[PDB]
Every structure is written in C-alpha cells, then in structure tokens.
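Trainee: The structure's right below; bear with me while I get my questions together.
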Amino acid sequence: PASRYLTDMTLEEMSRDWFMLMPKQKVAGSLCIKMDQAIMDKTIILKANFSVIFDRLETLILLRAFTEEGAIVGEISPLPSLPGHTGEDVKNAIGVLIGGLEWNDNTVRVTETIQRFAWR
Amino acid sequence: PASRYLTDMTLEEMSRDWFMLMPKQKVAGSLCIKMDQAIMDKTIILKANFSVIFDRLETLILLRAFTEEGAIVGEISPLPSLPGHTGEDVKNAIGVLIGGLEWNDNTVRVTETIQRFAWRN
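Here the protein sequences line up with chains A and B, keeping their order.
Residues in the first sequence are numbered consecutively from 80, following the entry's author numbering.
Residues in the second sequence are numbered consecutively from 80, following the entry's author numbering.
Encoded structure:
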C-alpha cells in the first residue's frame with residue numbers, strides 16, 4: 080500500500096530564487112546541503128516536502144530554510160545516484176544544517192511536519 | 080583541594096601564532112571560537128590547558144585544534160569580558176567547534192583530559 084506525499088511548501092516556495100551572500104556547500108551521502116553563512120540573528124524555520132510510509136519519512140523531495148521575512152537561507156536536496164538517501168541520511172543532514180545556521184546566532188525551528196516524521 | 084593546572088599543549092604549542100586560510104570565528108558569551116574552513120578530510124585532535132577543581136574544568140586557559148602535521152586549525156580562547164565563562168560555556172563551545180570542523184568531513188577527537196573534565200560525547 081502506497082506511501083503518502085506531505086507538502087510544507089507550495090511550488091513557488093520550491094523554486095523561489097535566492098542566492099547566498101556568503102555561500103557554503105557540502106555533499107553528504109546523497110544529499111546536497113546549502114546555507115548562506117552571512118545570515119545573522121535571524122529566526123528561521125525549515126519546511127519540507129517528502130513522502131512517508133509508516134510514520135517515518137521515506138524520500139525527501141526538498142527542504143528549505145526560511146527566515147521570517149521569507150528569504151531562503153538553506154536547503155537540502157537529493158541527488159541522482161547510488162545509493163539513495165534514507166530517513167537517517169535526512170535526519171543527520173537536518174542536524175548538520177541546523178548546527179551550521181546556529182553558528183551565527185540564528186534561532187532555528189522545524190515545521191510540525193518535520194518534527195513528526197524526520198528530525199524528532 | 081585547590082585546583083591544579085592540566086596541560087595538553089607544550090609552551091611552544093601554547094604560544095605559537097597561526098592563521099586561517101578561510102577564516103571563520105564567533106564570540107559565545109565570553110569565549111572566542113575560531114576555525115579554518117579550508118581543512119578537509121583530516122584527522123584532528125583537540126588539546127586544552129585549563130585548571131580543574133575536583134572533577135571539572137574551572138578555568139580555560141586555551142584550547143587548540145591540531146592536525147597530525149601540527150597545524151593549528153581551530154581554537155577556543157577566553158576573552159577579557161570578565162565574568163567570565165563557566166565549564167558549561169566551555170562545554171558548549173567544544174560542541175560547536177566540533178560540529179564546525181565536521182562540516183568538511185574532518186574526524187575530530189579529544190584528549191582524555193578534555194573527555195574527563197571539559198566535554199564528552
């Protein structure tokens with residue numbers, strides 16, 4: 080029986096354009112993690128679109144980190160490949176992105192959708 | 080039971096100057112955290128000099144991050160902003176530094192001294 084698709088983000092949210100004033104990148108397992116390392120003292124929420132089976136996340140489509148004024152400051156996306164990310168890969172990447180954004184005293188939370196299925 | 084001073088670093092290692100190829104720093108209360116962003120895929124050890132009373136760090140003199148080739152790639156030092164810095168503050172700073180060094184797939188370990196008194200995990 081088929082998995083479920085959960086969206087925090089509208090399609091405009093997924094393709095909103097951004098750029099990092101101070102860029103940082105990384106590749107981990109099979110995910111790409113990005114963060115503006117210029118952003119300071121902001122209030123940030125991570126929003127995601129992903130499928131679930133069970134009550135755990137199965138495949139990430141896209142996670143973005145939004146400041147309260149709507150700037151995109153961070154991002155996790157899957158890559159084409161072998162292997163392909165698990166739920167663990169994504170959990171760790173969230174911790175890695177959150178840790179990174181806290182460096183410059185950003186306050187970071189996740190949506191309820193992420194909290195229930197992915198990171199916590 | 081007065082404090083005693085624990086020393087992971089030689090006087091040389093303590094007083095050496097250094098520079099970051101890609102500088103990253105932050106102030107967390109009354110500590111200064113620095114790390115070279117250009118260090119990638121290396122093994123790294125954290126060494127510290129600090130005092131201890133009984134079972135925990137009392138005051139940090141200096142903590143530094145070393146490659147096997149002896150470069151300094153990370154540092155945590157106290158600032159004069161007085162009161163001051165607690166063991167907790169230090170604990171948190173080691174945490175944040177490790178996460179920082181781990182971004183670029185460095186493998187970071189700590190001396191037994193740090194592990195016992197200052198930060199574990």
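All C-beta atoms in this analysis are idealised placements derived from N, C-alpha and C, irrespective of residue type, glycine included.
1) Can you confirm whether the stretch 100-110 of chain B touches the stretch 160-176 of chain B when touching is taken to mean that 3 or more C-beta pairs between the two stretches lie within less than 8 Å?
2) By how many angstroms is the C-alpha of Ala81(A) removed from the C-alpha of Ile155(A)?
3) Kindly identify the DSSP beta-bridge partner or partners of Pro102(B).
4) Going straight from the alpha carbon of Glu92(B) to that of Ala127(B), what length do you get?
5) Is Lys103(A) near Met114(A), with beta carbons less than 8 Å apart?
6) Comparing the CB of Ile132(B) with every heavy atom of the ligand GDP, is any distance shorter than 7 Å?
7) One question on the structure: do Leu125(B) and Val187(B) come within less than 8 Å of each other, judged by their Cβ atoms?
8) Buried or exposed, going by whether 16 or more other CB atoms sit within 10 Å of the CB of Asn185(A)?
9) Going along the chain, which residues of its own chain have a beta-carbon closer than 7 Å to the beta-carbon of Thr122(B), five neighbours each way excluded?
10) Buried or exposed for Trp182(A), going by 16 or more other Cβ atoms inside 10 Å?
11) Does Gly108(A) come within less than 8 Å of chain B when only Cβ atoms are used?
12) Expressed to the nearest angstrom, what Euclidean distance is found between the alpha-carbon atoms of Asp96(A) and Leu141(A)?
13) On the three-state DSSP scale, how would you describe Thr165(A)?
14) Just the C-alpha distance for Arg135(A) and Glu167(A), rounded to the nearest angstrom, thanks.
15) Around the C-beta of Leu90(A), are 16 or more other C-beta atoms found within 10 angstroms, so that it is buried, or is it exposed?
16) Using three-state DSSP, classify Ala81(B) as helix, strand or coil.
17) Measuring only the C-alpha atoms, how far is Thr86(A) from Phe98(A)?
18) Counting contacts by CB-CB distance shorter than 8 Å, is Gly163(B) in contact with chain A?
19) Can you have a look at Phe133(B) and say buried or exposed, based on whether 16 or more other CB atoms are within 10 angstroms of its CB?
Mentor: Reading from the atomic positions:
1) These segments touch.
2) 24 Å
3) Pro102(B) is bridged by DSSP to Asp115(B).
4) 10 Å
5) yes
6) With respect to small molecules bound, the structure shown includes none, and the ligand GDP cannot be examined in it.
7) yes
8) buried
9) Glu147 and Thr186
10) It counts as buried.
11) No, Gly108(A) does not count as interfacial toward chain B.
12) 14 Å
13) coil
14) 10 Å
15) exposed
16) coil
17) 23 Å
18) no
19) Counting the other Cβ atoms within 10 Å of the Cβ of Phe133(B) gives fewer than 16, which makes it exposed.
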